[PDB]
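Protein chains in written order, with the authors' numbering: chain A, 199 to 247; chain B, 86 to 887; chain C, 839 to 887. Virtual Cβ for every residue (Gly too), placed ideally from N, Cα, C. Here's the structure, in structure tokens; my notes come after.
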């Protein structure tokens, strides 16, 4: 449910993200947030967030 | 065990390096790299076609005449603007997959049936238009007379031709691009003579002659021998190691096998008595004389040249007890530069020589060397030894390094020109003769004599080793000429083991048989490097094109290593389940930060100035839908009748849908639908044709939005496009009762492009009958002189001790 | 309460490094011939006939 189709760290984190995007009772700002949240790389430092 | 545990950890390292399994398999693949197999077709590029369609005059009645309009071939356009832009990218890449390199128009032209002048046209799908536009009752007389008088213009004495064509302007743009930007250049023998390297057609040992003709029609394609703009020599060490290994294995396949050498057993029988191993209490009484065979001499001769060409850093496996290996390795350290070796093993060998030969000769207490020191054992010994001979030899050695010269635009790691001629070995043998005459003040005498005689076993190979060194340097430089990619010096991860026995072989089993590469092994090697280099640049260009096109079409979804893996994979030397991740991201970075090849850019620019016009055809989607809750009036068109059509998209709060299907935030639209605020939902989406006036009266257009609130996903959105006309079964209701067809829910869509002949007839220009040769060293008759009479760069003969 | 935004953190780490347990596998080694074996005094051991 991500804009850039990125990644997250662990399967339960993804489960929670996929649980909160599907519930009718949840809000739109969180779904925007869930669309934003991606992984950032920087290879000249060999570092990932 | 310990050796298995080494194998495990060497395996841990080798599971980081993209070098294929068994190494000799690479030689199948480098040879199987074919050039850019040139392309040409027998059909023009065509995205549209004319088509004869209904029309409906105002009042909604059907006219008694169809009309010609442009419509796409093979409507397959998806829904949602992301997938549309993906479609245009998947058009771009396949255009590139079929983007030609040279065209010829005689190979596709056909006769116009209605011509009273024996005329021609370019394609079948344009003659199929010309007959229909001829027979039609609406076309004007000037067009008919023109069609009957469309005479082409062939002209062989200037080699050109001009043919008529019917084309949509976009298609004309693509085709005139392909015509005006052919990547073929004229050809003649002086180019090929000026395509061979300089210092082979100056080398007198290689006879080159021309024995074939090339007419003015002959063509070729100049490959893209442009240098490494990815810069794999800083922080791409695995990949550089892979390239290095590939060139190394290629280099083994071209060095000649040397013949007419010294008998093996003849050397063994005399070494055994020159060293007198039948008098010593050592643990090596049958182990010094192992690894002397052929299959190791020539293997070393291949290993050395291949490593110096490829810059493959190499290590040293050596048992320190065998001092003949060290005496044969000091020759190596003299002629082969020091930077070519890993520092630790080189230092080890030097330290062995110093603490086993040199200092125990000169009476010096041994050493205490910090391995963690930038200063090197020979550099100490140059200052501490008091003897001008050995000190000047070591001075040469310490300052023996490659030199970075620039030849033919490319880089070269070249030698000193005191190695190219064998002259330093005279200094070596003077130092060694001095060590022979010198005692060893503290050493056992039986072992002293053994070393003192083992040294003389090289003192007698003086002229022979001169000959060897000159031979080595000659073959090295001659094969260096047939290299394109910059030979760059880098320390590599993994490292070829060199057994010093296989030097001791070479330094004691050779004489008087000059073997140099044939001119065709040279051409094979050169074609391989050329083809690899051209493939390398022409795949970098494609990768950069797709990447830049993605970032310029806003296809943020697409992961970029799926492209890079195909880029690495098509270069047939890399394994990609093997390769790391961080290197891939650094390569992504350094690929985005490059220019773009001009053809790959021009095609893209053509697609971007037309995608907004190409997507407005394909009558299965609309470009948005307006919603406005005032009883608006359907506006008459000519293709459709009355319609809920829009063409301006103004005075309405626009809302885009690709930002909405992903970010589920329907507050800003649920608070407009429910309260009936006018909007315009923009995005490529389907529609349907509803030709029931009773549905218009029933207001079926407003029923297809109240599922967005139930099902958040905007994909099952299928608006209405009322087309009503004489063949709609309730059209009488429009035309009798004196009222106004009215609705809401206008659809945003631009009418098709009407066919005009003047703006679509064109004259396409081309050359004729030029042949496009590819393998152009076949036009070079090459030969070599006998090996017995071969001369090096200095004009003096090579292997002079005849 | 589960505040989604507040409970979201970007975890830092390296990218694609290797680890080596046995560290003396790369160091190959050899001895000198035992006759030319020397002590702290730079004078050979077992040279007394």
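Subject >> residue 209 of chain B to residue 260 of chain B span [Cα, whole Å] >> reply: 16 Å
Subject >> residue 806 of chain B - DSSP class collapsed to helix/strand/coil >> reply: strand
Subject >> With 16 other Cβ atoms within 10 Å as the buried cut-off, status of residue 665 of chain B >> reply: buried
Original post:
Thinking C-alpha only, which one of B/600, B/133 and B/690 is nearest residue 869 of chain B?
Top reply: Residue B/600 holds the alpha-carbon nearest to the alpha-carbon of residue 869 of chain B among B/600, B/133 and B/690.
**OP:** Tell me whether residue 583 of chain B sits in a helix, a strand or coil according to DSSP, three-state version.
**Re:** coil
Subject >> Span of the alpha helix (DSSP H), counted from its first residue to its last, around residue 565 of chain B >> reply: 547-565
Subject >> DSSP bridge partner residues for residue 141 of chain B (one or two, in chain order) >> reply: B/147
Original post:
Which one or two residues does DSSP pair with residue 402 of chain B in a beta bridge?
Top reply: B/584
**OP:** Take residue 321 of chain B as the anchor and find which of B/672, B/776, B/828 and B/356 has the nearest alpha-carbon.
**Re:** Comparing Cα-Cα distances from residue 321 of chain B to each of B/672, B/776, B/828 and B/356, the minimum goes to B/672.
Subject >> Close beta carbons around residue 566 of chain B, own chain, < 7 Å, minus the five adjacent residues each side >> reply: 282, 284 and 285
Original post:
Quick one: which chain A residues come within Cβ less than 8 Å of residue 850 of chain C?
Top reply: For residue 850 of chain C, the neighbours in chain A by C-beta distance under 8 Å run, in chain order, 245, 246 and 247.
Subject >> Cβ-Cβ separation, residue 343 of chain B to residue 585 of chain B (assumed contact under 8 Å), whole Å >> reply: About 19 Å; that fails the 8 Å criterion.
Subject >> One or two residues paired with residue 849 of chain B in a DSSP bridge >> reply: For residue 849 of chain B, which the question treats as bridged, DSSP gives the partners B/248.
Original post:
Quick one: is the Cβ of residue 579 of chain B within less than 7 Å of any heavy atom of the ligand ZN?
Top reply: Because no ligand of any kind appears in the structure shown, any question about the ligand ZN cannot be addressed here.
**OP:** Using a Cβ-Cβ cut-off of 8 Å, state whether residue 219 of chain A counts as contacting chain C.
**Re:** Taking Cβ atoms only, chain C never reaches closer than 8 Å to residue 219 of chain A, which makes this a no.
Original post:
To which residues of the same chain is residue 253 of chain B closer than 6 Å at the C-beta, ignoring the five residues directly before and after it?
Top reply: 133 and 155
Original post:
Helix, strand or coil for residue 882 of chain C per DSSP?
Top reply: strand
Original post:
Helix, strand or coil: how does DSSP classify residue 225 of chain B here?
Top reply: coil
Original post:
So what's residue 482 of chain B in DSSP terms, helix, strand or just coil?
Top reply: helix
Original post:
Just how far apart, CA to CA, sit residue 792 of chain B and residue 840 of chain B?
Top reply: 41 Å
**OP:** Within the same chain, show all residues whose beta-carbon is closer than 7 Å to that of residue 622 of chain B, passing over the 5 residues directly before and after it, in chain order.
**Re:** Excluding sequence neighbours, residue 622 of chain B sits near 309 and 311.
**OP:** Examine the Cβ distances between the segment 544-559 of chain B and the segment 508-524 of chain B and report whether three or more of them are shorter than 8 Å.
**Re:** A contact exists between the segment 544-559 of chain B and the segment 508-524 of chain B.
**OP:** For the segment 523-545 of chain B, enumerate the residues whose C-beta is nearer than 9 Å to any C-beta of chain C, in chain order.
**Re:** 527, 528, 529 and 532
Subject >> Through-space distance from residue 334 of chain B to residue 119 of chain B, alpha-carbon basis >> reply: Answer to the nearest angstrom: the Cα atoms are 18 Å apart.
Original post:
Are residue 645 of chain B and residue 658 of chain B closer than 8 Å when you measure CB to CB?
Top reply: no
Original post:
Can you tell which of B/613, B/386 and B/430 has its C-alpha closest to the C-alpha of residue 112 of chain B?
Top reply: B/613
**OP:** For residue 104 of chain B, name the three-state secondary structure that DSSP assigns.
**Re:** strand
Original post:
Counting only beta-carbon atoms, is residue 841 of chain C nearer than 8 Å to chain B?
Top reply: no
Original post:
Which first and last residues belong to the alpha helix (DSSP H) in which residue 387 of chain B is found?
Top reply: 382-395
Subject >> Alpha carbon of residue 530 of chain B to alpha carbon of residue 539 of chain B, nearest angstrom >> reply: About 14 Å.
Subject >> CA-to-CA distance, residue 256 of chain B to residue 183 of chain B, given in whole angstroms >> reply: Each residue's Cα considered, the two are about 15 Å apart.
Original post:
For residue 741 of chain B, does the three-state DSSP call read helix, strand or coil?
Top reply: strand
Original post:
In chain A, what lies closer than 7 Å to residue 747 of chain B by C-beta?
Top reply: Going along chain A in sequence order, the residues near residue 747 of chain B (Cβ under 7 Å) are 201 and 233.
Original post:
What do you reckon, are the CB atoms on residue 129 of chain B and residue 207 of chain B nearer than 8 Å?
Top reply: yes
Original post:
In angstroms, rounded to a whole number, what distance separates the CA positions of residue 867 of chain B and residue 608 of chain B?
Top reply: Roughly 10 Å between the two C-alpha positions.
**OP:** Taking only runs that begin and end inside the segment 623-704 of chain B, name each unbroken alpha helix (DSSP H) of 4 or more residues, in chain order.
**Re:** 646-655, 667-677, 683-693 and 696-699
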